[PDB]
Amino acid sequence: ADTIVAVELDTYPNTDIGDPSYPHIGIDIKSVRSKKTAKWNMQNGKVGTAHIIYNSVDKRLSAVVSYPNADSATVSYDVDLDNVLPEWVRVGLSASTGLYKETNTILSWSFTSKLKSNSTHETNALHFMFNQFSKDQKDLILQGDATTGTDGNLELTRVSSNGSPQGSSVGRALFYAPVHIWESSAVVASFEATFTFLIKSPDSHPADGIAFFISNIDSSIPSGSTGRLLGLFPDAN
């Protein structure tokens, strides 16, 4: 059982497991049943941007998702990640499809993490920024159907030669190095993540969504976690 904290861009309402009856962004703490959600006007075919922020002083996890010339969706939740996640973790992106599908394209991804301790200017930091993915992206752990190189983008789920999405696909991309997300002696700990995506669906029923997540270092795709589970959870508990 991995420990998962995630911000989900959920495109398909699975009402039987808690989803609001419309596309939404949500904050998931160890469960696919978002602790908090917000309505999201997902725009089929357009490039969007997501910003996730957190700092140990406020203990507030917030996410903003927007499209150019459009309103943005915000969701924020009070949580002390010290009581939830192990000290070291891996961060990544996840996406899936089920009966319904969509392309889950990542055009760019950046992450920053900082630990400031009880010392004179003694800050530890990690920062990576990808604006172009390559055929052999060695600093990324690709899991499931995830692939890179196609137009310099990261395709989290299966796409056919003619560019059409496929169902029952699940894929993840985790940054290669473990991240020191919190530490008992830290005065302030914080991280920020940003990624631009392109979700396109041939019909009017896209599924299932993309997610930014933080997990235990050795995390892997749970069995049968395609569709509603976003490639993150073993079940809907």
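For every residue, the number given is its place in the sequence shown, counted from 1.
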If we scan the other compared entries, does residue 158 go without coordinates in at least a third? no
Decide, for the other PDB entries of this protein that were compared, whether residue 121 is missing from at least a third of their models. yes
Comparing 196-204 with 34-42, the higher average Cα temperature factor in the PDB entry belongs to 196-204
If you average the CA temperature factors as listed in the entry, which stretch comes out higher, 72-80 or 87-95? 72-80
Based on what the PDB entry reports, which of 139, 122, 145, 102 has the top C-alpha B-factor? 122
With respect to the C-alpha temperature factors reported in the PDB entry, which of 110, 160, 157, 113 ranks highest? 160
What third of the chain, by the recorded C-alpha B-factor, contains residue 169? middle
When the deposited Cα B-factors of this chain's modelled residues are ordered and cut into thirds, is residue 177 in the lowest, the middle or the highest one? middle
Tertile call for residue 218 (CA temperature factor, within chain, third-based) is the highest
Comparing against every modelled residue in the chain, figure out the third that the C-alpha B-factor of residue 5 lands in (lowest, middle or highest). middle
Just say lowest, middle or highest third for the CA B-factor of residue 66 relative to the other modelled residues in its chain. middle
